[PDB]
Each structure stands twice: as C-alpha cells, then as structure tokens.
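Visitor: here is the sequence, then the experimental structure:
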Amino acid sequence: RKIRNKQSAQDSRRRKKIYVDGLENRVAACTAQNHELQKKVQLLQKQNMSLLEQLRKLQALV
Amino acid sequence: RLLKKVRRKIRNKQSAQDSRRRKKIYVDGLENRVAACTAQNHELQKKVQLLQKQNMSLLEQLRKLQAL
C-alpha cells in the first residue's frame, strides 16, 4: 500500500543519516589515527638514526 | 502572488533534487576516503612493524657491547 512505503521511506532516510554519520566518524578517526601512525614511523626513523650512530661510534671505533 | 507560489514552489523542488543528487556524490566521497585511508593505514602499520625490529636488532647490537 502507498502508506506502507511512506513509513518505510521515512526509516530509510532516518537510517541513512546514521550511516552517513557513521562514515563521517570512520573517515574521522581512521584519518586522525593514520596521522599519529605516521608520527610513530617518524619518531622511529629518528630513533634508528641516533641508534646506528651510537652503534658505529663504538662499532667501527677500533 | 498568483504564480509566486507556482514558481517559488517549483524553484524549491529541483533545488531539493540537486541536494540529494549531490549528497550521493559526498557519500561516495566518504566511501572512498574510508576506503584508502584504511588500506593506507595498514601499509603504514607494516612500515612501523619492519621499523620496530630494525630497532630491536640494532639496540641488541649496542647493549651487546657492554663489559666488552
């Protein structure tokens, strides 16, 4: 019936809003996380440089 | 106002059609960020992974030269 679909259409829309808000929030944090994940590679690249320096400093040092 | 209402009500309808035709793009937009940001995030994690054991093998090389 034409009423049956109206309240079925209301839900679809009420529910889309949730889904969009869902992507908004994944996009949100997966991004903010991706970022701090990169800061972790950074601080790790900088640790590897100061570590190998400390090493070879006593390493090839005779 | 005779046709004010017959225009001001049509003008609104296909302004509403665009809004919806345009959200479809935006959603598809998030779908694609969520897509790659995710696939990227992990490859990013694999880089921290290989980097963490680089640091494990060198710090052991170092602290290996102690009483030595």
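Guide: Arrived safely, thanks for sending. Numbers count the residues shown, from 1 in each chain, chains lettered A, B, ... in the order given.
Visitor: contacts only, for the residue positioned nearest the centre of chain A.
Guide: Centroid-nearest residue in chain A, with C-alpha atoms, centre = their mean: residue A:30, separated by 2.3 Å. Residue A:30 makes contact with B:34, B:37-38, B:41, according to C-beta atoms under 8 Å, 6 or more residues apart in numbering or on different chains. In short, each C-beta sits where N, CA and C put it, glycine included.
Visitor: save these as CSV, and put in secondary structure too.
Guide: Formatted as CSV, those follow (DSSP: H, G, I helix; E, B strand; the rest coil):
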residue, secondary structure
B:34, helix
B:37, helix
B:38, helix
B:41, helix
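Visitor: quick one: contacts for residue A:44?
Guide: By C-beta under 8 Å, 6+ apart, the residues touching residue A:44 are B:48, B:51-52, B:55.
Visitor: if you could redo that for residue A:34, that was the one I meant.
Guide: By C-beta under 8 Å, 6+ apart, the contact set of residue A:34 is B:37, B:40-41, B:44.
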